[PDB]
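Enquirer: Residue numbers (the authors' numbering), protein chains in the order written: chain E, 2176 to 2224; chain A, 2030 to 2078. One structure is given below, represented as structure tokens, and several questions about it will come after.
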Amino acid sequence: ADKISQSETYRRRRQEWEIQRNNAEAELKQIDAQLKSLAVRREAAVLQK
Amino acid sequence: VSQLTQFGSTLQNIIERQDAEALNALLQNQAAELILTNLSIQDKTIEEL
């Protein structure tokens, strides 16, 4: 039973690494669109110049 | 001579008027040219949103 409980522990840990990896991927993905918005804001600032 | 002085005063009034009206037309053509860049800025602000 202790071998089984160790196995279920390693599995739960791996699922928590899915929660963390997906959170990191989503934050990475949202940063690129933030950069796109800033690229626009800068094009409009060159145009104000 | 007094008739000539009267033509000279009319002539000065004409000169002042025509020069001011050429400035009036210059400021309108200049603001007509200034408006286009503001339109471009507003359009790129939409893309920012």
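Think of the CB as a built atom: it goes at the ideal place given N, C-alpha and C, for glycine as much as any other residue.
Using 7 Å as the limit for Cβ to Cβ distance, is A/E2076 near chain E?
Expert: Output row for A/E2076: interface = yes.
Enquirer: Along chain E, which residues have their Cβ under 8 Å away from the Cβ of A/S2069?
Expert: Those within 8 Å of A/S2069 in chain E are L2222.
Enquirer: Got a sec, what are the start and stop residues for the alpha helix (DSSP H) E/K2204 sits in?
Expert: Per DSSP, E/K2204 belongs to the alpha helix (DSSP H) from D2177 to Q2223.
Enquirer: On the DSSP letters alone, give me the boundaries of the alpha helix (DSSP H) that A/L2056 sits inside.
Expert: Looking at the DSSP string, the run of the alpha helix (DSSP H) that includes A/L2056 is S2031 to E2077.
Enquirer: Can you give me the Cβ contacts of E/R2186 inside the same chain, cut-off strictly under 8 Å, excluding the 5 residues immediately before and after it?
Expert: Excluding residues within five positions, none has a Cβ falling inside 8 Å.
Enquirer: Going by beta carbon distance, what residues of the same chain come within less than 8 Å of E/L2222, once the five residues before and after it are set aside?
Expert: So no residue of the chain qualifies.
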